[PDB]
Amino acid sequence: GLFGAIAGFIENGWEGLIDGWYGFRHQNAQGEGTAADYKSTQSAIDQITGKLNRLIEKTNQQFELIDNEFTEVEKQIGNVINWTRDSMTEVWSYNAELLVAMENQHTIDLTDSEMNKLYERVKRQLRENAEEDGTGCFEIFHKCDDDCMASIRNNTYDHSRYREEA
């Protein structure tokens, strides 16, 4: 992934996070907790649903047939016709494989981005109240209770209130 986030400085993903695409997993004084982040998730989904839509379109182009399965057409014209059809088949097959191969590349990268987008959100948010370890976790330098951990999630965490106290 171009952003070094997914399949990067975040080792693996969470198989228990069946709530969304991304999410927060904290470990405050009391107990832990793992909640998905609606914001980022929908952003990716929507976009990906985008491509899929872009790809499922109507070729309102109608082709009448020119061959004949019963009673074959003359041989000279026949080979020319098929020589043509195959050339076309060679082309579309090539296109078909490049589109999908290309699209996918982008798709995957598209997530890194979103994942990375979130991370950078949390960082800048916490200002100078937490440190960036490297595994994707933010060790908060102050008792961040459940109401607090979540405070960060719904983007309401006001570093200042706990600035000095950090």
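Quick note: we count residues from 1 along the sequence shown, nothing fancier.
- Between 53-61 and 29-37, the higher mean Cα B-factor belongs to 29-37.
- As listed in the deposited structure, the average C-alpha B-factor of 114-122 and of 137-145 is greater for 137-145.
- Among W14, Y157, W21, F9, the highest C-alpha B-factor recorded in the PDB entry belongs to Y157.
- In the PDB entry, a CA B factor belonging to the highest third of its chain's modelled residues is recorded for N129.
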